[PDB]
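Have a look at the structure below, then the notes.
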Amino acid sequence: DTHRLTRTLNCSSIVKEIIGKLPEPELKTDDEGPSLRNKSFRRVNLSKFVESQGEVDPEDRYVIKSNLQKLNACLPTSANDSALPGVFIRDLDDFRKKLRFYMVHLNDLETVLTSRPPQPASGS
């Protein structure tokens, strides 16, 4: 009742929450998904990485991917045409810290990258 009315654009606080929920661990791992770091397709790539990373440690039990799926519902980035596997990290949290920063580093609050105007249709 004290949340968004139905469907608009209130997924910014959900990203800030994940940022505060995933700290900055660094026991002995790497950065995050290299091939999944795509500029505009990263959101789908991170979602697929989180599902497979839950196999390295039981830390994926934090059922928050659903909130990220809502973020994609609020911010347009569902480009499921680049969802492939790359490397695996030993600690989930380490990957989540880098993924949380890369998912928010996409741009700011509108589009990921700039593009050119078409001839027939207007903007996209």
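Chain labels A, B, ... are given in the sequence in which chains occur in the structure tokens; within each chain residues are numbered consecutively from 1, and ligands are likewise numbered from 1 in the order shown.
Within 9 Å of residue 89 (chain A), once only C-alpha atoms are used and residues closer than 2 positions along the same chain are dropped, the contacting residues are residues 29, 30, 31, 32, 33, 53, 56, 87, 91, 92, 94 and 95 of chain A.
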Mind writing the picked residues with N, CA and C atoms as a PDB file, in the first residue's frame?
ATOM      1  N   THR A  29      39.451 -13.525  -5.553  1.00  0.00           N
ATOM      2  CA  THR A  29      38.668 -13.784  -6.804  1.00  0.00           C
ATOM      3  C   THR A  29      39.070 -12.806  -7.924  1.00  0.00           C
ATOM      4  N   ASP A  30      38.172 -12.540  -8.842  1.00  0.00           N
ATOM      5  CA  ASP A  30      38.477 -11.613  -9.976  1.00  0.00           C
ATOM      6  C   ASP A  30      37.515 -10.404  -9.949  1.00  0.00           C
ATOM      7  N   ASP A  31      37.087  -9.926 -11.090  1.00  0.00           N
ATOM      8  CA  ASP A  31      36.142  -8.764 -11.112  1.00  0.00           C
ATOM      9  C   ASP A  31      34.686  -9.271 -11.215  1.00  0.00           C
ATOM     10  N   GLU A  32      34.244  -9.634 -12.394  1.00  0.00           N
ATOM     11  CA  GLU A  32      32.849 -10.157 -12.558  1.00  0.00           C
ATOM     12  C   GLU A  32      32.705 -10.873 -13.920  1.00  0.00           C
ATOM     13  N   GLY A  33      31.552 -10.820 -14.541  1.00  0.00           N
ATOM     14  CA  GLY A  33      31.372 -11.508 -15.864  1.00  0.00           C
ATOM     15  C   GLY A  33      32.001 -10.677 -16.988  1.00  0.00           C
ATOM     16  N   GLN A  53      26.060 -18.745 -10.603  1.00  0.00           N
ATOM     17  CA  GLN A  53      27.008 -18.509  -9.462  1.00  0.00           C
ATOM     18  C   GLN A  53      26.468 -19.128  -8.169  1.00  0.00           C
ATOM     19  N   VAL A  56      28.370 -22.066  -6.699  1.00  0.00           N
ATOM     20  CA  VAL A  56      29.713 -22.012  -6.019  1.00  0.00           C
ATOM     21  C   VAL A  56      29.539 -21.962  -4.492  1.00  0.00           C
ATOM     22  N   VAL A  87      33.252 -16.802 -17.365  1.00  0.00           N
ATOM     23  CA  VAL A  87      34.120 -17.348 -16.279  1.00  0.00           C
ATOM     24  C   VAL A  87      33.325 -17.500 -14.971  1.00  0.00           C
ATOM     25  N   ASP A  91      33.836 -16.739  -4.905  1.00  0.00           N
ATOM     26  CA  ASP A  91      32.874 -16.197  -3.893  1.00  0.00           C
ATOM     27  C   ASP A  91      31.742 -15.394  -4.563  1.00  0.00           C
ATOM     28  N   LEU A  92      30.516 -15.719  -4.245  1.00  0.00           N
ATOM     29  CA  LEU A  92      29.346 -14.982  -4.833  1.00  0.00           C
ATOM     30  C   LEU A  92      29.440 -13.508  -4.543  1.00  0.00           C
ATOM     31  N   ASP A  94      31.729 -11.528  -3.872  1.00  0.00           N
ATOM     32  CA  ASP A  94      32.741 -10.795  -4.691  1.00  0.00           C
ATOM     33  C   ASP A  94      32.148 -10.463  -6.060  1.00  0.00           C
ATOM     34  N   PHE A  95      31.523 -11.425  -6.685  1.00  0.00           N
ATOM     35  CA  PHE A  95      30.877 -11.170  -8.010  1.00  0.00           C
ATOM     36  C   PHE A  95      29.719 -10.169  -7.846  1.00  0.00           C
TER      37      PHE A  95
END
What are the DSSP helix (DSSP H, G or I) residues of chain A, as an mmCIF file with C-alpha atoms, in the first residue's frame?
data_model
loop_
_atom_site.group_PDB
_atom_site.id
_atom_site.type_symbol
_atom_site.label_atom_id
_atom_site.label_comp_id
_atom_site.auth_asym_id
_atom_site.auth_seq_id
_atom_site.Cartn_x
_atom_site.Cartn_y
_atom_site.Cartn_z
ATOM 1 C CA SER A 12 16.123 3.317 -8.383
ATOM 2 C CA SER A 13 15.910 2.611 -4.611
ATOM 3 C CA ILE A 14 15.946 -1.156 -5.408
ATOM 4 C CA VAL A 15 19.431 -0.806 -6.992
ATOM 5 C CA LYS A 16 20.709 1.334 -4.068
ATOM 6 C CA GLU A 17 19.405 -1.400 -1.702
ATOM 7 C CA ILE A 18 21.341 -4.184 -3.514
ATOM 8 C CA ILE A 19 24.430 -1.899 -3.349
ATOM 9 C CA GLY A 20 23.973 -1.647 0.452
ATOM 10 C CA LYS A 21 23.113 -5.396 0.683
ATOM 11 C CA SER A 35 31.500 -11.498 -21.630
ATOM 12 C CA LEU A 36 28.469 -10.652 -19.410
ATOM 13 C CA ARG A 37 29.813 -7.067 -18.865
ATOM 14 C CA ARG A 42 24.676 -6.623 -18.972
ATOM 15 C CA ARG A 43 21.342 -6.774 -17.021
ATOM 16 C CA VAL A 44 20.345 -10.064 -18.746
ATOM 17 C CA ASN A 45 23.967 -11.300 -18.515
ATOM 18 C CA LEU A 46 24.121 -10.598 -14.741
ATOM 19 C CA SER A 47 20.762 -12.358 -14.169
ATOM 20 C CA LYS A 48 22.100 -15.508 -15.900
ATOM 21 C CA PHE A 49 25.418 -15.242 -14.005
ATOM 22 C CA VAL A 50 23.643 -14.992 -10.618
ATOM 23 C CA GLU A 51 21.611 -18.167 -11.333
ATOM 24 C CA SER A 52 24.817 -20.157 -12.160
ATOM 25 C CA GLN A 53 27.008 -18.509 -9.462
ATOM 26 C CA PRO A 58 24.929 -21.149 -0.746
ATOM 27 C CA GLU A 59 25.091 -17.291 -0.578
ATOM 28 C CA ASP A 60 22.716 -17.004 -3.598
ATOM 29 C CA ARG A 61 19.946 -17.843 -1.070
ATOM 30 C CA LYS A 65 17.397 -11.533 -8.350
ATOM 31 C CA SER A 66 13.587 -11.047 -8.455
ATOM 32 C CA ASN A 67 14.135 -7.387 -7.427
ATOM 33 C CA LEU A 68 16.692 -7.034 -10.276
ATOM 34 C CA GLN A 69 14.093 -8.532 -12.661
ATOM 35 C CA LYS A 70 11.794 -5.716 -11.434
ATOM 36 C CA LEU A 71 14.622 -3.198 -12.107
ATOM 37 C CA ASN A 72 14.713 -4.385 -15.757
ATOM 38 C CA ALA A 73 10.896 -3.978 -15.712
ATOM 39 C CA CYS A 74 11.441 -0.321 -14.654
ATOM 40 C CA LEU A 92 29.346 -14.982 -4.833
ATOM 41 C CA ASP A 93 29.549 -11.818 -2.819
ATOM 42 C CA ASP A 94 32.741 -10.795 -4.691
ATOM 43 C CA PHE A 95 30.877 -11.170 -8.010
ATOM 44 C CA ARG A 96 27.789 -9.369 -6.579
ATOM 45 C CA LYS A 97 29.930 -6.403 -5.458
ATOM 46 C CA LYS A 98 31.380 -5.991 -8.970
ATOM 47 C CA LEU A 99 28.013 -6.775 -10.660
ATOM 48 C CA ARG A 100 26.150 -4.251 -8.452
ATOM 49 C CA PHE A 101 28.659 -1.534 -9.433
ATOM 50 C CA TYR A 102 28.617 -2.518 -13.143
ATOM 51 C CA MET A 103 24.781 -2.775 -13.278
ATOM 52 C CA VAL A 104 24.501 0.770 -11.836
ATOM 53 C CA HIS A 105 27.463 2.048 -13.931
#
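Picture a line from CA of residue 1 (chain A) to CA of residue 64 (chain A); it runs 20.6 Å.
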Surrounding residues of region 106-109 of chain A excluding itself and chain neighbours under 3 positions, 8 Å, only C-alpha atoms, as a PyMOL selection string: chain A and resi 39-40+75+102-103+112-113
Could you check the closest approach to residue 26 (chain A) for each of A:6, A:76, A:82, A:90 and tell me which residue wins, using only C-alpha atoms?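 Closest candidate: A:90.
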Hey, can you check how far CA of residue 88 (chain A) sits from CA of residue 25 (chain A)?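 Atom-to-atom, CA of residue 88 (chain A) to CA of residue 25 (chain A), that is 16.0 Å.
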Nearest-residue call for residue 9 (chain A), choices A:24, A:81, A:110, A:55, using only C-alpha atoms: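 Answer, going by the shortest atom-to-atom distance: A:110.
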Nearest to residue 80 (chain A) among A:111, A:41, A:63, A:54, with distances taken over only C-alpha atoms: which residue is it?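 Smallest distance to residue 80 (chain A) is found for A:41.
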